[PDB]
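> Below is one structure. I have some questions about it.
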Amino acid sequence: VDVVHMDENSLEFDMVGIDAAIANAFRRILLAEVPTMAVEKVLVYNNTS
Amino acid sequence: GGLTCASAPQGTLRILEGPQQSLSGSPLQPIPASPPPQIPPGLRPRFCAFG
């Protein structure tokens, strides 16, 4: 693995000698399976906007 | 004032305004054609590929 650039909120690196199956697995996990916290229920009391 | 019948007339004069054509007959003055779309100057590659 060769890291090109890393700051806050961006990271370019290389993977050398790994297959498209595992590299696409990593890409798909990053897209859709690493969990985060997000607002689900919104309890409004007044909304005159 | 007997008002007798006179003879038949010889002919007919007819007076009417004539138009002026010193203006028309000139070379035509059409509406100028809009230019074809030209590429803007100063277009550069803004997107560079990641990594």
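Chain labels follow the order of the structure tokens: the first chain is A, the next B, and so on; residue numbering restarts at 1 in every chain, and ligands are counted from 1 in their shown order.
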Considering only C-alpha atoms, give me a table of residues in chain A that are at most 8 Å from chain B, with the closest atom pair and distance in Å for each, as a Markdown table.

```
| residue | atom | partner | partner_atom | distance |
| --- | --- | --- | --- | --- |
| A:4 | CA | B:51 | CA | 6.5 |
| A:5 | CA | B:51 | CA | 7.7 |
| A:12 | CA | B:51 | CA | 5.3 |
| A:13 | CA | B:51 | CA | 6.9 |
```
> Store the residues picked out above in a file with N, CA, C and O atoms, as a JSON list (two decimals), in the first residue's frame.

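And here's again_15.json as it stands now:
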```json
[["chain", "number", "residue", "atom", "x", "y", "z"],
["A", 4, "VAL", "N", -0.69, 8.29, -1.07],
["A", 4, "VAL", "CA", -0.35, 9.43, -1.90],
["A", 4, "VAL", "C", -0.53, 10.71, -1.11],
["A", 4, "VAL", "O", 0.40, 11.50, -0.95],
["A", 5, "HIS", "N", -1.74, 10.93, -0.60],
["A", 5, "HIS", "CA", -2.06, 12.16, 0.10],
["A", 5, "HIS", "C", -3.09, 11.83, 1.16],
["A", 5, "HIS", "O", -4.05, 11.10, 0.88],
["A", 12, "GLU", "N", -5.97, 9.52, -0.67],
["A", 12, "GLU", "CA", -5.62, 8.77, -1.87],
["A", 12, "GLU", "C", -4.48, 7.82, -1.54],
["A", 12, "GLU", "O", -3.45, 8.24, -1.02],
["A", 13, "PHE", "N", -4.67, 6.55, -1.84],
["A", 13, "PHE", "CA", -3.63, 5.57, -1.63],
["A", 13, "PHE", "C", -3.66, 4.58, -2.77],
["A", 13, "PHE", "O", -4.47, 4.68, -3.68]]
```
> Work out how far atom CA of residue A:31 is from atom CA of residue A:18, in Å to one decimal.
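Distance reported for this atom pair: 19.1 Å.
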> For the structure I just gave you, how does DSSP split chain A - specifically, which residues are strand (DSSP E)? Reply as a ChimeraX atom specification.
/A:2-7,10-14
> Those residues you just picked out, can you put them in a file as a PDB file, in the first residue's frame with N, CA and C atoms?

```pdb
ATOM      1  N   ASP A   2       0.631   2.149  -0.917  1.00  0.00           N
ATOM      2  CA  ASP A   2       1.388   3.385  -1.036  1.00  0.00           C
ATOM      3  C   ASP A   2       0.428   4.540  -0.847  1.00  0.00           C
ATOM      4  N   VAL A   3       0.659   5.356   0.170  1.00  0.00           N
ATOM      5  CA  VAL A   3      -0.227   6.472   0.474  1.00  0.00           C
ATOM      6  C   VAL A   3       0.228   7.679  -0.329  1.00  0.00           C
ATOM      7  N   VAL A   4      -0.689   8.285  -1.072  1.00  0.00           N
ATOM      8  CA  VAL A   4      -0.352   9.433  -1.903  1.00  0.00           C
ATOM      9  C   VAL A   4      -0.533  10.711  -1.105  1.00  0.00           C
ATOM     10  N   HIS A   5      -1.737  10.931  -0.603  1.00  0.00           N
ATOM     11  CA  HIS A   5      -2.061  12.157   0.103  1.00  0.00           C
ATOM     12  C   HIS A   5      -3.094  11.830   1.156  1.00  0.00           C
ATOM     13  N   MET A   6      -2.916  12.364   2.353  1.00  0.00           N
ATOM     14  CA  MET A   6      -3.924  12.228   3.388  1.00  0.00           C
ATOM     15  C   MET A   6      -4.007  13.515   4.180  1.00  0.00           C
ATOM     16  N   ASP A   7      -5.174  14.137   4.152  1.00  0.00           N
ATOM     17  CA  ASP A   7      -5.506  15.227   5.052  1.00  0.00           C
ATOM     18  C   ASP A   7      -6.761  14.838   5.807  1.00  0.00           C
ATOM     19  N   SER A  10      -9.991  13.348   3.308  1.00  0.00           N
ATOM     20  CA  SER A  10      -9.614  12.826   2.000  1.00  0.00           C
ATOM     21  C   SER A  10      -8.387  11.948   2.156  1.00  0.00           C
ATOM     22  N   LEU A  11      -8.287  10.944   1.291  1.00  0.00           N
ATOM     23  CA  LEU A  11      -7.221   9.950   1.366  1.00  0.00           C
ATOM     24  C   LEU A  11      -7.085   9.296   0.003  1.00  0.00           C
ATOM     25  N   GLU A  12      -5.966   9.518  -0.670  1.00  0.00           N
ATOM     26  CA  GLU A  12      -5.615   8.770  -1.866  1.00  0.00           C
ATOM     27  C   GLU A  12      -4.480   7.822  -1.543  1.00  0.00           C
ATOM     28  N   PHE A  13      -4.670   6.548  -1.844  1.00  0.00           N
ATOM     29  CA  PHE A  13      -3.625   5.570  -1.626  1.00  0.00           C
ATOM     30  C   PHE A  13      -3.657   4.576  -2.771  1.00  0.00           C
ATOM     31  N   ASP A  14      -2.747   3.616  -2.737  1.00  0.00           N
ATOM     32  CA  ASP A  14      -2.677   2.587  -3.757  1.00  0.00           C
ATOM     33  C   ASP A  14      -2.775   1.216  -3.123  1.00  0.00           C
TER      34      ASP A  14
END
```
> Identify all residues of chain A in alpha helix (DSSP H) (DSSP on the backbone) and supply them as a ChimeraX atom specification.
/A:20-32
> Go ahead and compute the interatomic distance for atom CA of residue A:15 and atom CA of residue B:48, in Å to one decimal.
20.0 Å
> Mind pulling up the distance from atom CA of residue A:30 to atom CA of residue B:45?
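Going from atom CA of residue B:45 over to atom CA of residue A:30, I get 29.0 Å.
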